[PDB]
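**Student:** Below: one structure in structure tokens.
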Amino acid sequence: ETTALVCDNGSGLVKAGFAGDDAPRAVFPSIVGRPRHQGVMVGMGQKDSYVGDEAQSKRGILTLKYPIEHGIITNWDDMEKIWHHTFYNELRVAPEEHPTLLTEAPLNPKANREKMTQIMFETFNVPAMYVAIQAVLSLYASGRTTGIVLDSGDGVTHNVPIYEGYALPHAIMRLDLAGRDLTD
Amino acid sequence: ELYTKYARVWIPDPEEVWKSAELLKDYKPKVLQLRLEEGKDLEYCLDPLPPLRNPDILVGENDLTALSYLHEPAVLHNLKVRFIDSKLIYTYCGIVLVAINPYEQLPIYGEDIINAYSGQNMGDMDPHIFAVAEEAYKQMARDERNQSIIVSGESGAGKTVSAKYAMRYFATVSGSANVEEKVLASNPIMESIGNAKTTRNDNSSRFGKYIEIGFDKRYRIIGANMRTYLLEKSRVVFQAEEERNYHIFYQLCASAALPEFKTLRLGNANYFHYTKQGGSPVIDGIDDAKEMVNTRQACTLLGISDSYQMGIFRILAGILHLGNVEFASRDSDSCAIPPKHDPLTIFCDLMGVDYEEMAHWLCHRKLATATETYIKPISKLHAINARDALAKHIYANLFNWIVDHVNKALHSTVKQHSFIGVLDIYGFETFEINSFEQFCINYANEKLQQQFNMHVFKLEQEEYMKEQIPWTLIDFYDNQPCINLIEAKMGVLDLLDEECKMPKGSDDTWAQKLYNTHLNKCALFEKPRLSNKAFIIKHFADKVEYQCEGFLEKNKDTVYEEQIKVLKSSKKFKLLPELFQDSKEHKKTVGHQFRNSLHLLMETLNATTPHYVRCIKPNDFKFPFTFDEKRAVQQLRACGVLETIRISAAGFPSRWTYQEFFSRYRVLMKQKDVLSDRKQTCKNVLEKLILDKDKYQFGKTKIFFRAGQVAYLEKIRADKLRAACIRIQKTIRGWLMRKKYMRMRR
Ligand SMILES: Nc1ncnc2c1ncn2[C@@H]1O[C@H](COP(=O)(O)OP(=O)(O)O)[C@@H](O)[C@H]1O
Ligand SMILES: [Mg+2]
Ligand SMILES: [Mg+2]
């Protein structure tokens with residue numbers, strides 16, 4: 001059968017791949033660069049924006065924006081460029097044909113899932129979609145049905161107690177220190 | 001309605017599934033008074049009728065569908081009298097040949113009879129396996145379409161010997177200067193690698209062997225090609241009570257003292273964790289040390305060099321020593337092989353690999369994303385599962401390699417124009433305990449009997465088009481809802497492969513998922529009343545209760561690539577790198593590999609035309625040429641014969657050519673009434689005898705009858721014949737009376 005795409009929009013990296021793979025096929029920084037200097041040489045072939053490893057390689061010439069901070073998507077036109085790059089250039093897959101499992105940090109605004117769904121169905125025309133809490137997946141990843149997952153990204157830190165497969169949503173802590181505030 | 005004084009009926013009995021009974025008082029439209037064996041006393045309570053019995057002239061016929069009354073008593077009786085009294089072991093039901101193990105030898109397979117069957121049509125002769133082989137050889141000429149003879153039955157029913165004779169037929173009638181020697185000399189190899197002692201019997205075959213006999217443009221035999229399917233990989237590492245695994249391991253252990261095998265450092269057959277488990281190393285009456293020699297001689301005859309033979313036994317000793325590798329936990333989430341561990345030392349010596357590399361890779365697994373790579377410890381349970389999956393993978397690849405070198409010897413260079421293919425597959429199985437192996441066997445038999453039921457349904461639509469009879473009359477049993485229960489998504493197999501990869505899955509939580517998903521959603525799935533660790537599937541033959549305990553251990557294969565790359569690095573000997581020379585296949589579970597193998601078998605067979613042989617085993621004790629009712633009925637249900645007979649009984653079972661109808665019922669038809677053609681004569685006479693046509697039909701070539709009408713015609717025929725005998729005898733007897741009377745008057 002058609003596999004699902006599995007795509008995780010960290011603040012810092014995109015990890016994407018196909019369901020049933022043991023490790024992600026595409027990992028690249030979720031960063032969008034735009035040129036900030038006069039274009040002197042005629043016929044070089046200008047580009048309005050670089051994404052991911054393209055923007056890393058050129059980064060002396062570019063302003064680098066992160067379009068997610070603190071697990072919130074803060075401008076959509078960039079995030080849509082990042083997904084376009086994920087499906088068409090890194091996975092080389094028609095998004096028409098595969099379910100996409102997206103991912104999100106708990107307790108963040110509800111307008112972020114609404115937009116993140118609207119863009120999958122209107123723009124990419126995905127057949128079917130899902131959105132899953134990050135800290136729940138680390139238990140599937142670690143063979144457990146019980147645990148308290150501490151998960152810390154580039155943008156957000158959260159604890160999610162899970163006992164015997166029931167989450168305890170009153171006990172969920174979210175903490176807003178992460179790798180980017182360590183870097184600053 | 002016929003029941004009278006001097007009628008006969010069959011009655012049930014726990015000792016023999018039916019007793020014959022004499023009806024002792026006429027029926028009145030509520031309880032029946034019956035005479036029996038052993039004197040007479042019964043009154044038998046009808047419920048809101050007894051099965052009714054064919055006249056004795058019919059019983060013993062060559063074809064169970066030629067009976068007038070069709071039911072399980074009649075069938076069991078015909079087979080019992082033909083087997084015990086007439087010593088005939090072959091019988092027909094519909095298209096199906098039915099074969100019963102005489103279980104002592106017979107003359108019947110002689111070349112004279114082979115020649116007597118050649119060219120004959122299947123109804124021209126008494127049934128014999130050569131009649132099926134001959135019909136196959138005919139159909140392959142009449143159409144280029146290839147032909148399959150599907151031999152099926154319980155273990156010990158005689159499927160292998162039936163294939164043997166079926167091939168001997170082709171090789172006698174077609175064959176010329178050889179296939180026969182090589183194919184028959186392959187059997188000890190395939191039996192050694194592929195047969196095991198099961199609970200109910202020794203020498204059960206755990207795979208479907210398919211021999212293609214290839215023919216040229218003139219139907220001379222070219223050569224043969226052997227395929228195998230459905231190998232029971234799980235037996236390599238797990239064994240139930242008083243099972244064994246594949247014979248080869250025990251022939252090897254029993255040969256451990258021989259000087260070639262000293263280096264292999266083998267022990268007795270219960271020293272190793274993969275042969276100890278069954279608690280039964282010795283078969284009664286088999287000397288494994290000599291079956292070894294007949295195997296090596298069969299290899300030598302097929303031209304597997306002694307170098308490769310020692311390679312094969314080196315790899316099998318490898319698997320045996322691998323099984324003794326013991327893992328110590330060092331943490332809940334990590335394990336290690338203890339220092340200087342002897343089984344691993346001997347294994348790495350045998351295979352010629354670095355001890356510390358195998359020691360590392362058995363206990364760790366590796367992941368790489370596109371950029372960078374990680375090495376994980378694994379729990380002791382996952383280490384043991386990985387080692388067992390590696391042993392299963394070695395064994396399966398060794399099996400495919402031996403089959404490939406046998407094919408090298410059996411193939412011949414001439415281009416094969418068409419083939420006849422013969423399939424030796426285990427039958428529908430039911431045991432006091434049923435486990436994942438039985439669940440696979442019964443799923444394969446569901447598929448095979450779907451094919452069978454469709455073929456029979458097609459054949460009778462085409463006969464009705466030869467005879468201009470409506471199709472609506474005929475129907476067939478549809479077992480697609482059970483295939484969908486087992487095979488479809490959210491089926492029993494799909495939830496098993498899911499529970500293999502869900503975290504902390506277990507047989508108990510698997511069973512819970514089954515109940516949640518099917519328990520009252522599907523009519524064919526049932527939970528046993530007093531347990532939560534079992535489930536019941538309503539197969540075509542019977543309801544079977546499967547036990548959830550230890551499905552998941554049997555279900556699981558994942559072969560860690562790094563262990564294959566260690567074995568592929570081997571430099572000591574030729575064979576071990578050669579096995580793995582040509583992914584997702586490494587992830588696939590045993591259940592999924594079985595599903596795929598079964599789809600390959602069905603792709604092979606649906607491209608063909610089948611002819612069926614069903615083998616049944618008369619008695620469990622190996623007594624020569626005696627018959628047990630209670631087993632035989634179980635066999636005949638498991639073979640789908642009883643359903644085929646019931647279905648035919650619903651339609652128009654009995655089909656008489658008009659001229660045979662005349663040859664039977666001339667007594668019924670008046671010397672005046674007979675016409676200048678007997679077809680119209682009988683078309684009238686039967687309308688005289690039975691007022692309503694609905695009992696019968698008139699075809700182009702045959703009269704069709706519903707069940708029972710032939711027995712009626714024989715009844716009225718015999719009563720009229722006795723009235724004629726009364727006339728003639730009365731006249732002659734009265735003459736003698738007159739003669740002596742007038743002599744006394746004289
Ligand atoms: N038609 C037959 N005539 C004589 N002996 C038979 C016949 N069929 C089976 N046997 C005996 O029964 C044994 C068991 O049957 P076999 O075909 O070997 O097992 P399976 O059918 O399980 O492969 C045979 O080895 C042979 O000794
Ligand atoms: Mg993260
Ligand atoms: Mg056999």
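Just remember, in the structure tokens the first chain shown is A, the second B, etc., residues are 1-based per chain, and ligands are 1-based in the order shown.
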Restrict the distance test to only C-alpha atoms, flag each residue of chain A within 9 Å of chain B, and return the flagged residues as a ChimeraX atom specification.

**Tutor:** /A:22-27,139-145

**Student:** Go ahead and write the selection's residues with N, CA, C and O atoms as a compact mmCIF listing (two decimals), in the first residue's frame.

**Tutor:**
```txt
# COMPACT_ATOMS: atom_id res chain seq x y z
N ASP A 22 13.36 3.15 9.35
CA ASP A 22 13.91 3.20 10.69
C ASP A 22 14.54 4.55 11.02
O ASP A 22 14.73 4.84 12.20
N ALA A 23 14.88 5.36 10.03
CA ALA A 23 15.43 6.67 10.31
C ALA A 23 15.01 7.64 9.22
O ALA A 23 14.69 7.22 8.11
N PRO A 24 15.01 8.94 9.50
CA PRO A 24 14.50 9.92 8.54
C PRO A 24 15.39 10.10 7.33
O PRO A 24 16.62 10.12 7.42
N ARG A 25 14.75 10.21 6.17
CA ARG A 25 15.44 10.37 4.91
C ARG A 25 15.94 11.78 4.66
O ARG A 25 16.98 11.96 4.03
N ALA A 26 15.22 12.79 5.13
CA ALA A 26 15.63 14.18 4.99
C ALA A 26 15.72 14.84 6.36
O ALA A 26 14.73 14.90 7.08
N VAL A 27 16.91 15.34 6.70
CA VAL A 27 17.07 16.24 7.84
C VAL A 27 17.82 17.46 7.36
O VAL A 27 18.88 17.35 6.73
N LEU A 139 7.57 7.62 23.43
CA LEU A 139 7.32 6.36 24.11
C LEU A 139 7.18 5.21 23.12
O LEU A 139 7.70 4.12 23.37
N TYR A 140 6.48 5.42 22.01
CA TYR A 140 6.54 4.42 20.96
C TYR A 140 7.98 4.15 20.56
O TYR A 140 8.36 3.01 20.30
N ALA A 141 8.79 5.20 20.50
CA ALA A 141 10.18 5.05 20.11
C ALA A 141 11.00 4.32 21.14
O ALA A 141 12.04 3.75 20.78
N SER A 142 10.60 4.32 22.40
CA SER A 142 11.42 3.71 23.43
C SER A 142 10.74 2.50 24.05
O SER A 142 11.13 2.06 25.13
N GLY A 143 9.74 1.95 23.38
CA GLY A 143 9.23 0.65 23.74
C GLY A 143 8.45 0.61 25.02
O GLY A 143 8.43 -0.42 25.69
N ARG A 144 7.81 1.70 25.40
CA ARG A 144 7.22 1.81 26.71
C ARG A 144 5.79 2.27 26.55
O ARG A 144 5.45 2.94 25.58
N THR A 145 4.95 1.89 27.50
CA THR A 145 3.62 2.45 27.60
C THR A 145 3.46 3.33 28.82
O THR A 145 2.40 3.92 29.02
```

**Student:** Extract the full set of helix (DSSP H, G or I) residues from range 3-178 of chain A according to DSSP on the backbone, and format it as number ranges by chain.

**Tutor:** A: 53-57, 76-91, 111-124, 134-141, 169-171

**Student:** Which neighbours of range 46-56 of chain B fall inside 6 Å, counting only C-alpha atoms, when residues of the same chain fewer than 3 positions from it are skipped, and could you give them as JSON, numbers by chain?

**Tutor:** {"B": [8, 9, 10, 31, 59, 69]}

**Student:** Just give me the gap between CA of residue 417 in chain B and CA of residue 215 in chain B in Å, one decimal is fine.

**Tutor:**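 Separating CA of residue 417 in chain B from CA of residue 215 in chain B is a distance of 5.8 Å.
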
**Student:** Quick one: residues within 10 Å of ligand 2, with only C-alpha atoms and all ligand atoms, as a PyMOL selection string?

**Tutor:** chain A and resi 8-15+71+103-105+134-135+138+151-158+178

**Student:** Step by step, measure atom-to-atom distances between ligand 1 and each residue using only C-alpha atoms and all ligand atoms, keep those at most 10 Å, then write them as a compact mmCIF listing (two decimals) with N, CA and C atoms, in the first residue's frame.

**Tutor:**
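Okay, this is what ended up in out_8.txt:
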```txt
# COMPACT_ATOMS: atom_id res chain seq x y z
N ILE B 89 -8.80 -49.33 -3.58
CA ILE B 89 -8.45 -48.17 -2.77
C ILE B 89 -8.79 -46.85 -3.45
N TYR B 90 -9.08 -46.85 -4.74
CA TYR B 90 -9.35 -45.62 -5.47
C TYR B 90 -10.84 -45.51 -5.78
N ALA B 99 -8.46 -41.42 -2.53
CA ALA B 99 -7.49 -42.48 -2.47
C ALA B 99 -7.28 -42.78 -1.01
N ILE B 100 -7.19 -44.05 -0.70
CA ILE B 100 -7.24 -44.51 0.67
C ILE B 100 -6.01 -45.36 0.86
N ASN B 101 -5.34 -45.16 1.96
CA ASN B 101 -4.06 -45.80 2.09
C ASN B 101 -4.27 -47.28 2.35
N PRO B 102 -3.93 -48.15 1.39
CA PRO B 102 -4.06 -49.59 1.65
C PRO B 102 -3.06 -50.01 2.67
N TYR B 103 -1.93 -49.33 2.67
CA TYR B 103 -0.96 -49.28 3.73
C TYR B 103 -0.28 -50.63 3.86
N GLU B 104 -0.47 -51.48 2.86
CA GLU B 104 0.42 -52.56 2.48
C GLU B 104 0.51 -52.51 0.96
N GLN B 105 1.56 -53.11 0.40
CA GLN B 105 1.77 -52.98 -1.03
C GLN B 105 0.73 -53.75 -1.83
N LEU B 106 0.68 -53.45 -3.13
CA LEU B 106 -0.28 -54.07 -4.03
C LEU B 106 0.37 -54.30 -5.39
N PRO B 107 -0.11 -55.29 -6.14
CA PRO B 107 0.28 -55.42 -7.55
C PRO B 107 -0.10 -54.24 -8.43
N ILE B 108 -1.14 -53.50 -8.09
CA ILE B 108 -1.95 -52.71 -9.01
C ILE B 108 -1.17 -51.74 -9.89
N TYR B 109 0.03 -51.34 -9.47
CA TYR B 109 0.77 -50.31 -10.18
C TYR B 109 1.62 -50.84 -11.34
N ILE B 129 -5.06 -43.95 -9.93
CA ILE B 129 -4.26 -42.73 -10.04
C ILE B 129 -3.77 -42.54 -11.46
N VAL B 151 -2.37 -33.09 -5.10
CA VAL B 151 -2.49 -34.17 -4.14
C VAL B 151 -2.52 -33.54 -2.76
N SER B 152 -3.53 -33.88 -1.98
CA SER B 152 -3.75 -33.23 -0.69
C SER B 152 -4.23 -34.25 0.32
N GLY B 153 -3.90 -34.02 1.58
CA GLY B 153 -4.43 -34.87 2.62
C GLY B 153 -3.67 -34.69 3.92
N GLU B 154 -4.12 -35.42 4.92
CA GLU B 154 -3.41 -35.45 6.19
C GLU B 154 -2.01 -36.01 5.98
N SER B 155 -1.13 -35.76 6.95
CA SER B 155 0.16 -36.41 6.95
C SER B 155 0.01 -37.91 7.12
N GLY B 156 0.79 -38.67 6.34
CA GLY B 156 0.67 -40.11 6.32
C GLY B 156 -0.43 -40.65 5.44
N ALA B 157 -1.18 -39.80 4.75
CA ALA B 157 -2.25 -40.29 3.89
C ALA B 157 -1.73 -40.95 2.63
N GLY B 158 -0.49 -40.71 2.25
CA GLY B 158 0.06 -41.25 1.03
C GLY B 158 0.19 -40.25 -0.09
N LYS B 159 0.41 -38.98 0.21
CA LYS B 159 0.54 -37.98 -0.84
C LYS B 159 1.82 -38.18 -1.63
N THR B 160 2.90 -38.56 -0.95
CA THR B 160 4.17 -38.71 -1.63
C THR B 160 4.16 -39.93 -2.54
N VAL B 161 3.67 -41.06 -2.05
CA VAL B 161 3.58 -42.24 -2.89
C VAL B 161 2.60 -42.05 -4.04
N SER B 162 1.54 -41.27 -3.84
CA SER B 162 0.65 -40.97 -4.96
C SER B 162 1.32 -40.11 -6.01
N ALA B 163 2.15 -39.16 -5.59
CA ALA B 163 2.89 -38.39 -6.59
C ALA B 163 3.89 -39.27 -7.31
N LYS B 164 4.58 -40.13 -6.57
CA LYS B 164 5.50 -41.10 -7.15
C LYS B 164 4.87 -41.88 -8.30
N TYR B 165 3.71 -42.49 -8.05
CA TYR B 165 3.06 -43.23 -9.13
C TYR B 165 2.54 -42.32 -10.23
N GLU B 191 13.00 -34.79 1.94
CA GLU B 191 12.50 -35.33 3.20
C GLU B 191 13.43 -35.04 4.37
N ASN B 195 11.05 -32.48 6.28
CA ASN B 195 10.10 -33.25 7.07
C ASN B 195 10.50 -33.30 8.54
N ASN B 201 2.25 -37.71 14.13
CA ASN B 201 2.99 -38.73 13.38
C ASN B 201 4.38 -38.23 13.02
N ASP B 202 5.28 -39.19 12.84
CA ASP B 202 6.59 -38.99 12.25
C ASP B 202 6.47 -38.66 10.77
N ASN B 203 7.51 -38.03 10.24
CA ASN B 203 7.66 -37.81 8.80
C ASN B 203 6.51 -37.01 8.19
N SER B 204 6.07 -35.97 8.89
CA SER B 204 5.17 -34.99 8.30
C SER B 204 5.96 -34.03 7.41
N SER B 205 5.40 -33.69 6.25
CA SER B 205 6.02 -32.70 5.36
C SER B 205 5.54 -31.30 5.68
N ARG B 206 6.48 -30.38 5.90
CA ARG B 206 6.12 -29.05 6.35
C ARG B 206 6.22 -28.01 5.25
N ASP B 424 2.19 -31.52 -3.85
CA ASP B 424 2.09 -32.36 -2.67
C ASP B 424 2.01 -31.46 -1.45
N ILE B 425 0.81 -31.19 -0.98
CA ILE B 425 0.61 -30.20 0.05
C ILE B 425 -0.19 -30.79 1.19
N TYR B 426 0.19 -30.44 2.41
CA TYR B 426 -0.52 -30.89 3.60
C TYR B 426 -1.96 -30.42 3.62
N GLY B 427 -2.82 -31.27 4.16
CA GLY B 427 -4.24 -31.02 4.23
C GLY B 427 -4.67 -30.21 5.43
N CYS B 615 -6.20 -37.74 -0.45
CA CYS B 615 -5.74 -38.94 0.23
C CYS B 615 -6.30 -38.95 1.64
N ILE B 616 -6.79 -40.10 2.08
CA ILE B 616 -7.26 -40.27 3.45
C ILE B 616 -6.57 -41.46 4.10
N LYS B 617 -6.32 -41.33 5.40
CA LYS B 617 -5.62 -42.36 6.15
C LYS B 617 -6.64 -43.20 6.90
N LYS B 622 -1.36 -47.76 12.08
CA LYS B 622 -0.63 -48.41 11.00
C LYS B 622 -1.04 -49.85 10.75
N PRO B 624 -2.43 -52.81 8.75
CA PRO B 624 -2.61 -52.96 7.31
C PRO B 624 -4.09 -53.13 6.99
N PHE B 625 -4.59 -52.24 6.16
CA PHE B 625 -5.74 -52.52 5.31
C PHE B 625 -6.99 -52.79 6.15
```

**Student:** Using only C-alpha atoms and all ligand atoms, pick whichever of B:181, B:212, B:352, B:423 has the shortest atom-to-atom distance to ligand 3.

**Tutor:**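 Smallest distance to ligand 3 is found for B:423.
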
**Student:** So that I can check the surroundings of residue 62 in chain A, please list as a ChimeraX atom specification every protein, DNA and RNA residue that reaches within 8 Å of it, counting only C-alpha atoms and ignoring chain neighbours fewer than 2 positions away.

**Tutor:** /A:33-36,55,58-60,64

**Student:** As number ranges by chain, please: all residues of range 8-183 of chain A that backbone DSSP puts in strand (DSSP E or B).

**Tutor:** A: 8-9, 13-18, 26-29, 32-35, 50-51, 62-65, 68-69, 72-73, 100-104, 129-133, 147-152, 157-163, 166-167, 173-175

**Student:** Please write the residues from the selection above to a file, keeping N, CA and C atoms, as a short mmCIF file (atom, residue, chain, number, x, y, z; two decimals), in the first residue's frame.

**Tutor:**
```
data_model
loop_
_atom_site.label_atom_id
_atom_site.label_comp_id
_atom_site.auth_asym_id
_atom_site.auth_seq_id
_atom_site.Cartn_x
_atom_site.Cartn_y
_atom_site.Cartn_z
N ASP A 8 8.35 15.92 10.79
CA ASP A 8 8.33 16.50 12.12
C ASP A 8 8.92 17.89 11.99
N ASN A 9 8.09 18.88 12.26
CA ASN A 9 8.47 20.29 12.18
C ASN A 9 8.97 20.78 13.53
N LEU A 13 15.10 21.75 13.17
CA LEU A 13 15.29 20.88 12.01
C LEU A 13 13.94 20.40 11.51
N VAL A 14 13.86 20.15 10.21
CA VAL A 14 12.87 19.24 9.66
C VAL A 14 13.45 17.84 9.57
N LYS A 15 12.75 16.87 10.14
CA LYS A 15 12.99 15.46 9.86
C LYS A 15 11.81 14.94 9.06
N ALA A 16 12.08 14.31 7.92
CA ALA A 16 11.00 13.78 7.12
C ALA A 16 11.45 12.46 6.51
N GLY A 17 10.48 11.63 6.19
CA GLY A 17 10.76 10.32 5.65
C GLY A 17 9.47 9.59 5.44
N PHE A 18 9.58 8.30 5.17
CA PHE A 18 8.42 7.45 4.97
C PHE A 18 8.18 6.56 6.18
N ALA A 26 15.22 12.79 5.13
CA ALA A 26 15.63 14.18 4.99
C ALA A 26 15.72 14.84 6.36
N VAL A 27 16.91 15.34 6.70
CA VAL A 27 17.07 16.24 7.84
C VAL A 27 17.82 17.46 7.36
N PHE A 28 17.25 18.64 7.59
CA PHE A 28 17.87 19.89 7.19
C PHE A 28 17.34 20.98 8.08
N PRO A 29 18.10 22.05 8.30
CA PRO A 29 17.63 23.12 9.18
C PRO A 29 16.42 23.84 8.60
N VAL A 32 15.06 29.73 6.28
CA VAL A 32 14.83 30.34 4.99
C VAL A 32 15.68 31.59 4.90
N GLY A 33 16.50 31.69 3.86
CA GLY A 33 17.39 32.82 3.67
C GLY A 33 16.96 33.67 2.50
N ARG A 34 17.17 34.97 2.62
CA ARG A 34 16.98 35.86 1.49
C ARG A 34 18.24 36.69 1.28
N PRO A 35 18.61 36.97 0.03
CA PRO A 35 19.81 37.77 -0.22
C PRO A 35 19.67 39.20 0.26
N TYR A 50 16.43 30.95 -0.50
CA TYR A 50 16.98 29.63 -0.28
C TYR A 50 16.32 28.97 0.92
N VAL A 51 16.36 27.65 0.94
CA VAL A 51 15.74 26.89 2.02
C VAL A 51 16.72 25.80 2.46
N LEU A 62 23.27 35.95 3.17
CA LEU A 62 21.84 35.85 3.40
C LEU A 62 21.49 36.30 4.80
N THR A 63 20.29 36.84 4.94
CA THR A 63 19.60 36.90 6.22
C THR A 63 18.85 35.61 6.44
N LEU A 64 19.07 34.97 7.58
CA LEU A 64 18.43 33.70 7.87
C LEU A 64 17.30 33.90 8.86
N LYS A 65 16.09 33.57 8.45
CA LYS A 65 14.92 33.57 9.31
C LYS A 65 14.56 32.15 9.68
N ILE A 68 9.57 29.00 12.51
CA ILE A 68 8.97 28.52 13.75
C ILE A 68 9.82 29.00 14.91
N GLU A 69 9.21 29.66 15.88
CA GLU A 69 9.87 29.81 17.16
C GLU A 69 9.01 29.52 18.37
N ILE A 72 5.69 27.53 17.67
CA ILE A 72 4.61 28.25 17.01
C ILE A 72 5.09 28.67 15.64
N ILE A 73 4.26 28.49 14.62
CA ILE A 73 4.59 28.92 13.27
C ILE A 73 4.26 30.40 13.12
N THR A 100 0.04 12.13 5.49
CA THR A 100 1.11 12.82 6.19
C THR A 100 0.81 12.88 7.67
N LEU A 101 1.69 12.32 8.48
CA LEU A 101 1.60 12.47 9.93
C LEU A 101 2.47 13.65 10.31
N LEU A 102 1.85 14.73 10.74
CA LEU A 102 2.57 15.89 11.23
C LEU A 102 2.78 15.76 12.73
N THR A 103 3.39 16.77 13.33
CA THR A 103 3.75 16.65 14.72
C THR A 103 3.74 18.02 15.37
N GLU A 104 3.44 18.07 16.66
CA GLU A 104 3.29 19.34 17.35
C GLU A 104 3.66 19.20 18.82
N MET A 129 -4.48 13.30 6.78
CA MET A 129 -3.52 14.00 7.62
C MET A 129 -3.73 13.58 9.07
N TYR A 130 -2.70 13.74 9.88
CA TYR A 130 -2.86 13.64 11.33
C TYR A 130 -1.86 14.57 12.00
N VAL A 131 -2.11 14.90 13.26
CA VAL A 131 -1.20 15.72 14.06
C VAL A 131 -1.02 15.05 15.41
N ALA A 132 0.22 14.85 15.82
CA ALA A 132 0.50 14.04 17.01
C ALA A 132 1.42 14.78 17.96
N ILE A 133 1.17 14.63 19.26
CA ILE A 133 2.01 15.26 20.27
C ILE A 133 3.40 14.63 20.26
N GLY A 147 5.69 6.19 31.34
CA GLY A 147 6.87 7.00 31.55
C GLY A 147 6.47 8.45 31.59
N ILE A 148 7.39 9.26 32.05
CA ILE A 148 7.29 10.70 31.91
C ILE A 148 8.36 11.17 30.94
N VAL A 149 7.94 11.64 29.78
CA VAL A 149 8.86 12.04 28.73
C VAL A 149 9.27 13.48 28.94
N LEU A 150 10.55 13.72 29.15
CA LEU A 150 11.10 15.06 29.03
C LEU A 150 11.64 15.23 27.62
N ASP A 151 11.10 16.19 26.90
CA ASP A 151 11.46 16.41 25.51
C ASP A 151 11.84 17.86 25.35
N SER A 152 12.99 18.12 24.75
CA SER A 152 13.48 19.48 24.62
C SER A 152 14.04 19.67 23.23
N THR A 157 10.37 23.08 25.66
CA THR A 157 10.59 21.92 26.51
C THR A 157 9.26 21.53 27.14
N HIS A 158 8.96 20.23 27.19
CA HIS A 158 7.73 19.82 27.84
C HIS A 158 7.88 18.46 28.49
N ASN A 159 7.14 18.28 29.58
CA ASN A 159 6.96 17.01 30.26
C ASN A 159 5.56 16.50 30.00
N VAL A 160 5.43 15.23 29.65
CA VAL A 160 4.10 14.65 29.49
C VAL A 160 4.05 13.31 30.21
N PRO A 161 3.45 13.23 31.40
CA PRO A 161 3.27 11.94 32.06
C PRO A 161 2.30 11.07 31.29
N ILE A 162 2.72 9.84 31.02
CA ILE A 162 1.86 8.85 30.40
C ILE A 162 1.95 7.60 31.23
N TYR A 163 0.82 7.11 31.71
CA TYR A 163 0.78 5.88 32.48
C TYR A 163 -0.12 4.87 31.79
N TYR A 166 -2.48 6.07 29.12
CA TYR A 166 -3.32 7.23 29.36
C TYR A 166 -2.45 8.44 29.66
N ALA A 167 -2.65 9.50 28.91
CA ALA A 167 -2.01 10.76 29.25
C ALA A 167 -2.75 11.39 30.41
N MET A 173 3.54 19.80 31.96
CA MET A 173 4.30 21.03 32.05
C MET A 173 4.85 21.39 30.69
N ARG A 174 4.79 22.67 30.35
CA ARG A 174 5.51 23.21 29.21
C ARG A 174 6.44 24.29 29.72
N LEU A 175 7.67 24.27 29.26
CA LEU A 175 8.70 25.20 29.67
C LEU A 175 9.38 25.72 28.43
#
```

**Student:** In Å, with one decimal, what is the gap from CA of residue 123 in chain B to CA of residue 650 in chain B?

**Tutor:**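 Distance reported for this atom pair: 23.1 Å.
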
**Student:** Between CA of residue 188 in chain B and CA of residue 590 in chain B, what distance in Å does the model show, to one decimal?

**Tutor:**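 Those two atoms sit 26.5 Å apart.
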
**Student:** For range 116-127 of chain A, list every protein, DNA or RNA residue within 7 Å, evaluated using only C-alpha atoms, and leave out those in the same chain fewer than 6 positions away; present the list as a list in words.

**Tutor:**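 So, after excluding close chain neighbours, the residues are residues 95, 96, 97, 98 and 99 of chain A.
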
**Student:** Which one of B:66, B:575, B:248, B:320 sits closest to residue 271 in chain B if you count only C-alpha atoms?

**Tutor:**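 Distance minimum relative to residue 271 in chain B lands on B:320.
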
**Student:** Tell me which of B:630, B:197, B:25, B:458 sits closest to ligand 3, counting only C-alpha atoms and all ligand atoms.

**Tutor:**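 Nearest to ligand 3: B:197.
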